[PDB]
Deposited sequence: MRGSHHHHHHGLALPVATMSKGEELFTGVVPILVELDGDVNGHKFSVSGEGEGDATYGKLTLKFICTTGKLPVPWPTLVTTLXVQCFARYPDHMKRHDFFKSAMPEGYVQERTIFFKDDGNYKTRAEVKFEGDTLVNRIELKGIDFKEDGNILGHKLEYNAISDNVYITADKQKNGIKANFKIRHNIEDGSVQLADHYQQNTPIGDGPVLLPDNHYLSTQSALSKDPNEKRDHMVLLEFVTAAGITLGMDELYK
């Protein structure tokens, strides 16, 4: 029932900034949109500001704000993400692409005034130069999953591990195995949850008027399983 929770009671403007380096291919992504945690709804448009994105847009979806999850009333006591606000949390992942390289990500998610900011550094190493990722062989598809969140008591945060299966152009699947850790930025109290799920549904589209490499994202995120 926090001061953190009340920051999400209306629609919140969102700013996303990503600095990326995958096998020395440097790139920046900026995103803008809004989130309505009451519905668990995100509407965002991302731009690669440096030119052509050197990896497929769908591989960056998970990296590019679980604080916008709709937690039902009976579950509000288990929403770590909002309870860490406004000071924020760091979200770290390693994403292992099966038979390919890995991303390591570190993001700070916090308010700057009334704007929820997700700022990310992403380092990708050991990719095949003509593999599914660097060779752009992945379809531009919806992504949906159910992520088991568990408390990490020692770290005063949360952890999660989950699989994303990206479809390759030939009908096969590129596995992206995600390991996630979140920890608060401030030293104030946070809510550590019982085990539960976050179910995410995404839709990816394009803006017919946008000449830059871009991704339009519509996302819905809902907590469950208590």
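Of the deposited sequence, positions 1 to 18, 83, 246 to 254 lack any modelled C-alpha atom.
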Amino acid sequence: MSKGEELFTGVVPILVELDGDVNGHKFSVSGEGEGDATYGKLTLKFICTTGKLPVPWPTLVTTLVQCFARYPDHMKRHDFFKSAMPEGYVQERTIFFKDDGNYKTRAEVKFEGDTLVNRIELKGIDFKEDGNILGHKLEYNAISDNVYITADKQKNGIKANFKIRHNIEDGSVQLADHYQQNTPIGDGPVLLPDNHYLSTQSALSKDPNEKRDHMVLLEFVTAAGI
From here on, numbers count along this sequence of modelled residues.
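Annotation for 154 to 162 versus 176 to 184: the higher mean temperature factor (C-alpha) is found in 154 to 162. Stretches 103 to 111 and 141 to 149 differ in mean C-alpha B factor, with the higher average recorded for 141 to 149. Of the candidates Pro58, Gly171, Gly40, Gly31, the PDB record gives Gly171 the highest C-alpha temperature factor. Highest CA B-factor among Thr50, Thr63, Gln66, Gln201, as stated in the entry: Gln201.
Ranked within its chain, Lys76 lands in the highest third, by CA B factor from the PDB record. Ranked by C-alpha B-factor against the other modelled residues of its chain, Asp126 falls in the middle third.
The entry lists a Cα temperature factor for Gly35 that places it in the lowest third of the chain's modelled residues.
Ranked against the other modelled residues of its chain, the C-alpha B-factor of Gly10 as given in the entry falls in the highest third. Residue-level temperature factors show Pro208 in the highest third of its chain, judged at the C-alpha atom.
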